[PDB]
Each structure stands twice: as C-alpha cells, then as structure tokens.
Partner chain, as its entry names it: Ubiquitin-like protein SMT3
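So this first bit is one chain, no partners, the form solved without its partner chain, shown in structure tokens.
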C-alpha cells in the first residue's frame, strides 16, 4: 500500500479500458510520478495502443516509485464490472508487487469491496513510432468517424482512406459492391466541435484492415473528436484526446 491511485468515479477507468480492451489482450501499465502510461501490441503486430493518464485525471494520485504492473485485459475488465459507476475506485499496489488491489467504495460506508488481480509478466518492448511530420493531418467528430467505418465494413475487409486537397475520401470495395463516403473541411459556430479540419502536405492513398478500424473507433466514447494522422512511411495515428491524457491507435497500412 504505497501508490494507491484513486479515481473520482469508477466508470471513468472502466470507459478507458473499454476503449481499447477489444483490439488487444495484454497491457503493460507503466505508472510513475507524473501519472500512468501504457502500451499494448496485438498478436499480429500491426496495431499499437498507447495510453496516457495524467495526475489531473485522478481525484487523488500518488506514486513514490516507478512501478510497471502488466495485466490481462479480460481479467481486468471482469473486476471493473463490479463497481456502481460512481464508487471510489482505488488502484493499490506495493513495491515489487504480486497483485494489484482494486478498492471499490461508495459515498456511504456500507459497501467496501476489495478485489485482487494477479499481475502478468509482460516484456518491456516499448515502442516510440510517432513521426514528426505526417503527410496529412485531419480531425473530425468521433461519432461521425465511427459511422463511416461501420458502414463501409459491411462491404469489404479493406477500407481505403484517400486524401487529396480539401477532399477526404473513405472507400470500401468488396464482392457485393462498393461504397464511398466523402467529407470536406468546414467550420461551424453553433457547435464548433462538429467541424472538420485538414492539413495536407502531400496526397495520401493508404489501405487499412476493417477488422482493426472497427476496434479503433470504439474510443469514440472517450472523446467527441478524433485526430487522424496519415503517412505513407509510418503507421497511421488515430488519437482520442482525454482530459489530461490521450488514447492512441497506431495502425499499419496494408499492401
């Protein structure tokens, strides 16, 4: 009992985990003094999940020692289905820990639920694959992006994002036919968060697997907007902005 990180609402940490729990299985939660960060590469080694949770995301955070505690998402999510969404979730562990302790407590002092989670042993191959300059950079409503991905997934397992100047084009092409959703950058004032931005330095023609994109758009529940950075050189970066933190999805193109 030494780091005891504490969330205001247990739902918040649950929503964060639920955002990327489907695309991966094992995760290396590397928590330190300035907060918690984590990475997780899937089995096929084509999708990286990078997470950062700052101090301000907690209502009371402490960590007198850099502790790397990896664990299974399926096991972690099971314990996360025990709270009452508004309970006080406290992540407790000690120096060189065997298990992480999750403490659920409501506003009243009737319910005091304490859970233990046997920690996994994960290799420390941390990746830094974010580029300085991307060929194209765009940001759109997360709910809108989920719509495009889900609709095109009906047609084929290959969604081709094609970006030219002032033209963002999503195209799917399968056996039963094809589909094409085309959006253009604009500005709104009644609700400026529905706006679409585009900063193209060079035209982009990349192809991504539909299987992976469907898991990526599940982070729409964490942010209203999604930042997409496309490059012909490095994997694409799908970023969801959290309150004092972020959830990144690095996806490698096909072909």
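Residue numbers count along the first chain shown, from 1.
Give the stretch, out of 175 to 183 and 103 to 111, with the larger mean C-alpha temperature factor in the deposited entry. Mean B over CA atoms: larger for 103 to 111.
Give the stretch, out of 220 to 228 and 185 to 193, with the larger mean C-alpha temperature factor in the deposited entry. Looking at the recorded C-alpha B-factors, 185 to 193 comes out higher on average.
By the record's CA B-factor, is residue 234 among the lowest, middle or highest third of residues in the chain? Its C-alpha B-factor, which the entry lists for residue 234, ranks in the middle third among residues of this chain.
Would the CA B-factor of residue 81 place it in the lowest, middle or highest third of its chain? Residue 81: CA B-factor falls in the middle third of its chain.
Which third of the chain holds residue 170 when residues are ordered by C-alpha B factor: lowest, middle or highest? It falls in the bottom third of the chain.
Hey, what third does residue 116 fall into on Cα B-factor, ranked over its chain? Answer is lowest: the recorded C-alpha B-factor places it there.
Cα B factor band for residue 34 (lowest, middle or highest third within the chain): Within its chain, residue 34 is a middle-third residue by C-alpha B-factor, going by the deposited values.
Unshown form deposited with its partner chain bound; subsequent notes refer to it.
Do residue 199 and its partner chain share at least one heavy atom pair within 4.5 Å in the bound PDB entry? Taking the distances in the bound PDB entry, the answer for residue 199 is yes, it comes within 4.5 Å of its partner chain.
Is there any non-hydrogen atom of residue 97 lying within 4.5 Å of its partner chain in the bound PDB entry? Judged by the heavy-atom cut-off of 4.5 Å, residue 97 is well away from its partner chain in the bound PDB entry.
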